[PDB]
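What follows is the content of input-v4.cif, which has mmCIF, C-alpha atoms:
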data_final
loop_
_atom_site.label_atom_id
_atom_site.label_comp_id
_atom_site.auth_asym_id
_atom_site.auth_seq_id
_atom_site.Cartn_x
_atom_site.Cartn_y
_atom_site.Cartn_z
CA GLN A 1 -17.17 15.62 -64.31
CA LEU A 2 -18.43 13.78 -61.15
CA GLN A 3 -16.29 12.84 -58.18
CA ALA A 4 -17.25 10.31 -55.54
CA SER A 5 -15.37 10.74 -52.31
CA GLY A 6 -15.56 9.74 -48.61
CA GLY A 7 -14.61 6.08 -48.83
CA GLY A 8 -12.14 4.47 -46.52
CA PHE A 9 -11.28 1.51 -44.35
CA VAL A 10 -13.98 0.78 -41.76
CA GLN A 11 -14.76 -1.91 -39.21
CA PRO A 12 -17.85 -4.08 -39.61
CA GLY A 13 -20.77 -2.30 -38.10
CA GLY A 14 -19.22 1.13 -38.80
CA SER A 15 -20.34 3.88 -41.14
CA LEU A 16 -19.07 5.97 -44.03
CA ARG A 17 -20.56 8.96 -45.72
CA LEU A 18 -19.98 9.27 -49.47
CA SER A 19 -20.27 12.60 -51.34
CA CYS A 20 -20.95 13.07 -54.98
CA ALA A 21 -20.29 16.54 -56.25
CA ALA A 22 -21.10 17.79 -59.75
CA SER A 23 -20.17 21.04 -61.54
CA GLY A 24 -23.76 22.20 -62.32
CA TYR A 25 -25.54 20.27 -65.10
CA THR A 26 -29.19 19.65 -64.16
CA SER A 27 -30.47 18.04 -67.40
CA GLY A 28 -30.89 14.37 -68.51
CA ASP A 29 -33.54 13.38 -65.89
CA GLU A 30 -32.48 14.96 -62.58
CA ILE A 31 -31.77 11.55 -61.02
CA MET A 32 -28.34 10.95 -59.47
CA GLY A 33 -27.43 7.46 -58.39
CA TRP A 34 -24.74 5.30 -56.83
CA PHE A 35 -23.50 1.92 -58.05
CA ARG A 36 -20.68 -0.30 -56.78
CA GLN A 37 -18.35 -2.92 -58.13
CA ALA A 38 -16.57 -5.56 -56.03
CA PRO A 39 -14.05 -8.13 -57.34
CA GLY A 40 -15.65 -11.01 -59.18
CA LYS A 41 -19.12 -9.38 -59.09
CA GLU A 42 -21.25 -7.50 -61.59
CA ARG A 43 -21.78 -3.73 -61.14
CA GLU A 44 -24.69 -3.43 -58.71
CA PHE A 45 -27.18 -0.49 -58.28
CA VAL A 46 -27.03 0.79 -54.69
CA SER A 47 -29.28 3.90 -54.43
CA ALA A 48 -30.76 6.83 -56.43
CA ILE A 49 -32.42 10.17 -55.68
CA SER A 50 -34.68 12.30 -57.84
CA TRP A 51 -35.51 15.83 -56.80
CA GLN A 52 -37.71 16.45 -59.87
CA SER A 53 -41.31 15.74 -58.75
CA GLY A 54 -40.50 16.14 -55.06
CA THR A 55 -37.88 13.87 -53.43
CA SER A 56 -38.03 10.23 -54.49
CA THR A 57 -35.39 7.75 -53.12
CA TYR A 58 -34.54 4.24 -54.23
CA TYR A 59 -32.45 1.49 -52.76
CA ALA A 60 -31.18 -2.01 -53.50
CA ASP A 61 -32.78 -4.50 -51.16
CA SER A 62 -29.55 -5.35 -49.47
CA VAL A 63 -28.94 -1.83 -48.19
CA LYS A 64 -32.48 -0.84 -47.33
CA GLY A 65 -32.72 0.43 -43.78
CA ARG A 66 -28.89 0.82 -43.53
CA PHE A 67 -28.12 3.38 -46.27
CA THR A 68 -29.74 6.82 -46.73
CA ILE A 69 -29.36 9.01 -49.82
CA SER A 70 -29.87 12.77 -49.65
CA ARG A 71 -29.18 15.96 -51.55
CA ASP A 72 -28.01 19.39 -50.38
CA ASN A 73 -29.49 21.75 -52.94
CA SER A 74 -27.29 24.70 -51.94
CA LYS A 75 -24.13 22.70 -52.56
CA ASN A 76 -25.29 20.69 -55.59
CA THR A 77 -24.06 17.63 -53.64
CA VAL A 78 -25.54 14.17 -53.18
CA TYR A 79 -24.67 12.14 -50.04
CA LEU A 80 -24.89 8.42 -49.27
CA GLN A 81 -24.77 7.70 -45.56
CA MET A 82 -23.79 4.08 -45.19
CA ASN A 83 -24.46 2.47 -41.79
CA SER A 84 -24.10 -1.03 -40.33
CA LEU A 85 -21.41 -1.88 -42.92
CA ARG A 86 -20.60 -5.50 -43.59
CA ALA A 87 -17.98 -7.36 -45.63
CA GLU A 88 -20.33 -7.59 -48.63
CA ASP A 89 -20.30 -3.80 -48.79
CA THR A 90 -16.59 -3.77 -49.77
CA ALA A 91 -16.45 -2.27 -53.31
CA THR A 92 -15.54 0.70 -55.39
CA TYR A 93 -18.56 3.12 -55.32
CA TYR A 94 -19.39 5.44 -58.22
CA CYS A 95 -22.00 8.13 -58.68
CA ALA A 96 -23.59 8.88 -62.03
CA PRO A 97 -26.66 10.51 -63.47
CA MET A 98 -29.26 7.85 -64.24
CA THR A 99 -32.62 7.69 -66.04
CA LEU A 100 -35.41 5.47 -64.76
CA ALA A 101 -36.48 3.95 -68.09
CA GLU A 102 -39.20 1.56 -66.93
CA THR A 103 -40.74 -0.08 -63.87
CA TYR A 104 -42.44 -3.56 -64.02
CA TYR A 105 -44.77 -4.45 -61.19
CA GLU A 106 -45.94 -7.99 -60.52
CA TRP A 107 -49.15 -8.21 -58.59
CA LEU A 108 -50.43 -11.45 -57.00
CA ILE A 109 -54.08 -12.27 -56.29
CA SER A 110 -55.65 -15.19 -54.25
CA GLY A 111 -59.24 -16.08 -53.44
CA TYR A 112 -62.87 -15.52 -54.54
CA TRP A 113 -63.80 -12.01 -53.53
CA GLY A 114 -66.94 -10.49 -54.84
CA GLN A 115 -69.00 -9.65 -57.77
CA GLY A 116 -67.58 -7.16 -60.09
CA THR A 117 -69.44 -4.09 -61.29
CA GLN A 118 -70.04 -3.37 -64.98
CA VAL A 119 -68.85 -0.07 -66.49
CA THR A 120 -69.90 0.96 -70.04
CA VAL A 121 -68.69 4.19 -71.65
CA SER A 122 -70.36 5.06 -74.91
CA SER A 123 -72.02 7.90 -76.76
CA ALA A 124 -75.20 5.83 -76.78
CA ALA A 125 -75.63 6.29 -73.02
CA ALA A 126 -78.86 8.24 -72.31
CA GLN B 1 -66.61 -10.11 -47.55
CA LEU B 2 -65.77 -7.82 -50.51
CA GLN B 3 -68.41 -6.10 -52.58
CA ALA B 4 -67.73 -3.97 -55.69
CA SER B 5 -70.43 -1.46 -56.63
CA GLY B 6 -70.97 1.90 -58.36
CA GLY B 7 -70.78 0.79 -61.99
CA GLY B 8 -72.93 2.31 -64.72
CA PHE B 9 -73.57 3.25 -68.29
CA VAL B 10 -72.14 6.75 -68.99
CA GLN B 11 -71.16 9.05 -71.83
CA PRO B 12 -67.44 9.61 -72.62
CA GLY B 13 -66.09 12.44 -70.50
CA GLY B 14 -68.26 11.29 -67.61
CA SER B 15 -67.42 10.02 -64.11
CA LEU B 16 -68.24 7.11 -61.82
CA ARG B 17 -67.15 6.28 -58.32
CA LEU B 18 -66.62 2.59 -57.57
CA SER B 19 -66.81 1.31 -54.02
CA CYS B 20 -65.30 -1.80 -52.51
CA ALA B 21 -66.57 -2.43 -48.97
CA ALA B 22 -64.65 -4.88 -46.71
CA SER B 23 -66.22 -6.58 -43.69
CA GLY B 24 -63.18 -7.05 -41.38
CA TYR B 25 -59.66 -5.58 -41.65
CA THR B 26 -57.70 -8.33 -43.53
CA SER B 27 -54.02 -8.46 -42.43
CA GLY B 28 -53.91 -5.13 -40.49
CA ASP B 29 -52.98 -2.89 -43.44
CA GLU B 30 -52.56 -4.87 -46.69
CA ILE B 31 -53.07 -3.79 -50.33
CA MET B 32 -56.47 -3.54 -51.98
CA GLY B 33 -56.54 -3.28 -55.77
CA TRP B 34 -58.84 -2.87 -58.72
CA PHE B 35 -58.58 -4.78 -61.97
CA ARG B 36 -60.82 -4.85 -65.01
CA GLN B 37 -61.73 -7.13 -67.94
CA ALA B 38 -63.46 -6.26 -71.17
CA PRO B 39 -65.15 -8.82 -73.46
CA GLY B 40 -62.69 -10.95 -75.29
CA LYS B 41 -59.69 -9.36 -73.48
CA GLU B 42 -57.35 -10.23 -70.64
CA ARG B 43 -57.60 -8.93 -67.11
CA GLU B 44 -55.73 -5.58 -66.73
CA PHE B 45 -54.44 -3.98 -63.50
CA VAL B 46 -56.08 -0.63 -62.79
CA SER B 47 -55.03 0.67 -59.38
CA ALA B 48 -54.04 -0.29 -55.81
CA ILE B 49 -53.72 1.29 -52.39
CA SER B 50 -51.85 0.22 -49.30
CA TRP B 51 -52.22 1.78 -45.88
CA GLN B 52 -49.45 -0.11 -44.07
CA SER B 53 -46.58 2.26 -43.33
CA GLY B 54 -48.65 5.22 -44.62
CA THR B 55 -50.48 5.33 -47.98
CA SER B 56 -48.98 4.46 -51.31
CA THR B 57 -51.02 4.37 -54.49
CA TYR B 58 -50.40 2.71 -57.81
CA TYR B 59 -51.96 3.18 -61.23
CA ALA B 60 -51.86 1.76 -64.72
CA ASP B 61 -50.23 4.34 -67.01
CA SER B 62 -53.52 4.61 -69.03
CA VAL B 63 -55.56 5.80 -66.01
CA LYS B 64 -53.01 8.11 -64.27
CA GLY B 65 -54.38 11.59 -63.92
CA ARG B 66 -57.98 10.47 -64.56
CA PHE B 67 -58.57 7.90 -61.78
CA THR B 68 -57.94 8.30 -58.03
CA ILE B 69 -58.02 5.45 -55.48
CA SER B 70 -58.69 6.26 -51.83
CA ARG B 71 -59.72 4.59 -48.56
CA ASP B 72 -62.21 5.61 -45.86
CA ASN B 73 -60.83 3.80 -42.81
CA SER B 74 -63.98 4.40 -40.75
CA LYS B 75 -66.12 2.54 -43.27
CA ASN B 76 -63.48 -0.03 -44.26
CA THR B 77 -64.13 1.00 -47.84
CA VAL B 78 -61.87 1.67 -50.85
CA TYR B 79 -63.01 3.99 -53.58
CA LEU B 80 -62.01 4.40 -57.24
CA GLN B 81 -63.00 7.79 -58.61
CA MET B 82 -63.02 7.49 -62.38
CA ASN B 83 -63.08 10.84 -64.22
CA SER B 84 -62.56 11.62 -67.91
CA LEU B 85 -63.99 8.25 -68.85
CA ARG B 86 -63.25 6.96 -72.30
CA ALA B 87 -64.92 4.26 -74.40
CA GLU B 88 -61.80 2.11 -73.85
CA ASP B 89 -62.50 2.03 -70.06
CA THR B 90 -65.55 -0.16 -70.75
CA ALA B 91 -65.21 -3.37 -68.74
CA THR B 92 -66.25 -5.26 -65.60
CA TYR B 93 -64.33 -3.90 -62.63
CA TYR B 94 -63.34 -6.01 -59.66
CA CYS B 95 -61.74 -5.33 -56.30
CA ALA B 96 -59.44 -7.80 -54.56
CA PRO B 97 -56.62 -7.95 -52.00
CA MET B 98 -53.33 -7.93 -53.88
CA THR B 99 -49.72 -8.54 -53.00
CA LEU B 100 -46.89 -6.73 -54.66
CA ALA B 101 -44.55 -9.60 -55.45
CA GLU B 102 -41.69 -7.94 -57.20
CA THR B 103 -40.81 -4.63 -58.69
CA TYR B 104 -38.26 -4.49 -61.52
CA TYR B 105 -36.48 -1.17 -62.21
CA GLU B 106 -34.46 -0.46 -65.28
CA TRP B 107 -31.87 2.28 -64.82
CA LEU B 108 -29.92 3.72 -67.79
CA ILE B 109 -26.43 5.22 -67.43
CA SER B 110 -24.65 7.03 -70.27
CA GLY B 111 -21.03 7.83 -70.83
CA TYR B 112 -17.87 7.49 -68.79
CA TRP B 113 -18.49 7.49 -65.21
CA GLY B 114 -16.64 9.49 -62.68
CA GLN B 115 -13.94 8.92 -60.10
CA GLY B 116 -14.97 6.16 -57.72
CA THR B 117 -14.13 5.85 -54.03
CA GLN B 118 -12.99 2.64 -52.37
CA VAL B 119 -14.90 1.19 -49.38
CA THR B 120 -13.17 -1.60 -47.50
CA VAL B 121 -14.90 -3.21 -44.55
CA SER B 122 -12.23 -4.95 -42.49
CA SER B 123 -11.80 -6.05 -38.85
CA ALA B 124 -8.27 -4.61 -39.33
CA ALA B 125 -9.38 -1.00 -39.84
CA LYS C 1 -41.55 -5.04 -47.40
CA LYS C 2 -40.77 -4.12 -51.04
CA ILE C 3 -38.88 -6.82 -52.98
CA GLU C 4 -37.06 -5.08 -55.81
CA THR C 5 -34.67 -5.70 -58.61
CA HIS C 6 -32.67 -2.76 -59.94
CA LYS C 7 -31.04 -3.42 -63.26
CA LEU C 8 -28.35 -1.16 -64.61
CA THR C 9 -28.02 -0.73 -68.40
CA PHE C 10 -24.97 1.13 -69.80
CA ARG C 11 -24.64 2.32 -73.42
CA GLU C 12 -22.17 1.30 -76.16
CA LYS D 1 -40.65 9.36 -70.14
CA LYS D 2 -40.90 6.78 -67.28
CA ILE D 3 -43.05 3.79 -68.40
CA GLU D 4 -44.80 1.54 -65.95
CA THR D 5 -46.08 -1.97 -66.59
CA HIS D 6 -48.37 -3.69 -64.10
CA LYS D 7 -48.75 -7.47 -64.42
CA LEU D 8 -51.41 -9.65 -62.75
CA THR D 9 -50.74 -13.18 -61.55
CA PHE D 10 -53.58 -15.22 -60.06
CA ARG D 11 -52.40 -18.00 -57.76
CA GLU D 12 -53.40 -20.26 -54.83
#
Any chance you could give the structure as structure tokens?
Amino acid sequence: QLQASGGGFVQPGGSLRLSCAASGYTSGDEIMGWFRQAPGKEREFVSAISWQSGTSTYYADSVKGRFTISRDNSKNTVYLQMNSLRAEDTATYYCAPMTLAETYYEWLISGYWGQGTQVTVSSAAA
Amino acid sequence: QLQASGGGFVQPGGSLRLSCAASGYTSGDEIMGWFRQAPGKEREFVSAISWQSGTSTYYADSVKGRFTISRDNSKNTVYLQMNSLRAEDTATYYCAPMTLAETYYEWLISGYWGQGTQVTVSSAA
Amino acid sequence: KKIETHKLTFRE
Amino acid sequence: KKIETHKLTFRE
């Protein structure tokens, strides 16, 4: 069972710090994340933290630079420090374990650059 | 002025180190990438490095743990160290500046989720 | 700097 | 587990 806490009423430009405390179940991909839901909007990812292969953090574009996710290993607690709050931040926030299923990257190229170099790998090389 | 070099004709299990030497400095600290194309196939992303706010590196899944991209700032050169080569790595390799346009993440959540906490941003608080 | 889309996918 | 896909787009 997972409990988000630390929400409140706050003036624009203020801060809140959310806590997400577990009961001790490191298992289905040790990623914990936060999502929010505001009236009339779809559930939105906010932030996630993995402490599996070192510490990896992720953020929605709209909270980058304002929100910071961290984990206190002793306490088995994940924190979301939320700064520079604005009306679009008003929502119910939830924490949940998450799995990162897939990442799609979209690379752009422009311009003539250079010759290429030919690589051949075969058992006929001698 | 970009120049890819260091290609060859090698046995499987061998290594090559590709070089891509730049003449200037581009945009200050952009992204340089490698892509490849084999006969009769489409271009495929291989790897990229950016040295803007620090170094990040990216790899195709098929080359992770075999290939390493790096940059020697003093020579304005990017390197692709290709170890554990396989027949399927046969292609022409090219270096180019790249931009990362978009990244799409797919996050899975299972089950009932927990108690939520309300955040209300209000000039009245 | 990094333009990202984070999609959430639930279960049932 | 985690899958990555890397797409090229060549543009002016």
message: Show me, as a VMD selection string, every residue of chain A with an atom at most 10 Å from chain D, counting all atoms listed in the file.
response: chain A and resid 29 99 to 111
task: Report as a ChimeraX atom specification the residues that result from applying the PyMOL selection byres ((chain B and resi 113) around 12) to the structure here.
output: /A:1-4,20,22,32-36,93-98 /B:109-112,114-116 /C:10-11
Written as a PDB file with C-alpha atoms, keeping the file's coordinate frame, which residues does the PyMOL selection byres ((chain A and resi 125) around 9) give for the file shown?
ATOM      1  CA  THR A 120     -69.900   0.960 -70.040  1.00  0.00           C
ATOM      2  CA  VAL A 121     -68.690   4.190 -71.650  1.00  0.00           C
ATOM      3  CA  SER A 122     -70.360   5.060 -74.910  1.00  0.00           C
ATOM      4  CA  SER A 123     -72.020   7.900 -76.760  1.00  0.00           C
ATOM      5  CA  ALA A 124     -75.200   5.830 -76.780  1.00  0.00           C
ATOM      6  CA  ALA A 126     -78.860   8.240 -72.310  1.00  0.00           C
TER       7      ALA A 126
ATOM      8  CA  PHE B   9     -73.570   3.250 -68.290  1.00  0.00           C
ATOM      9  CA  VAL B  10     -72.140   6.750 -68.990  1.00  0.00           C
ATOM     10  CA  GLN B  11     -71.160   9.050 -71.830  1.00  0.00           C
ATOM     11  CA  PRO B  12     -67.440   9.610 -72.620  1.00  0.00           C
TER      12      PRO B  12
END
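Once the Cα atoms of chain C are best fitted to those of chain D, pair by pair, the RMSD stands at 1.4 Å.
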message: On this structure, the PyMOL selection byres ((chain A and resi 63-75) around 9) would catch which residues? List them as a list in words, sorted by chain and number.
response: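 Evaluating the PyMOL selection byres ((chain A and resi 63-75) around 9) on these coordinates yields residues 21, 33, 46, 47, 48, 49, 51, 55, 57, 58, 59, 60, 61, 62, 76, 77, 78, 79, 80, 81, 82, 83, 84, 85 and 89 of chain A.
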- request: Define the interface residues of chain B facing chain A as those within 8 Å, counting all atoms listed in the file, and report them as a PyMOL selection string.
  value: chain B and resi 1-12+85-110+113-125
message: Just to confirm, what's the straight-line distance from CA of residue 50 (chain A) to CA of residue 49 (chain B) in Å (one decimal)?
response: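 Interatomic distance, CA of residue 50 (chain A) to CA of residue 49 (chain B): 22.7 Å.
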Could you build a table of the residues in chain B lying no more than 9 Å from chain D, giving for each the nearest pair of atoms and their separation in Å rounded to one decimal place, using only C-alpha atoms, ordered by chain and ascending residue number, as a tab-separated table?
residue	atom	partner	partner_atom	distance
B:35	CA	D:8	CA	8.7
B:43	CA	D:8	CA	7.6
B:44	CA	D:8	CA	7.1
B:45	CA	D:6	CA	6.1
B:46	CA	D:6	CA	8.4
B:59	CA	D:6	CA	8.3
B:60	CA	D:6	CA	6.5
B:61	CA	D:4	CA	6.2
For CA of residue 74 (chain B) and CA of residue 56 (chain B), the interatomic separation in Å (one decimal): 18.3 Å
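In this structure, CA of residue 70 (chain B) sits 21.2 Å away from CA of residue 37 (chain B).
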Near-residue 48 (chain B) list (6 Å; only C-alpha atoms; drop same-chain fewer than 2 positions) as a PyMOL selection string: chain B and resi 32-33+57-58
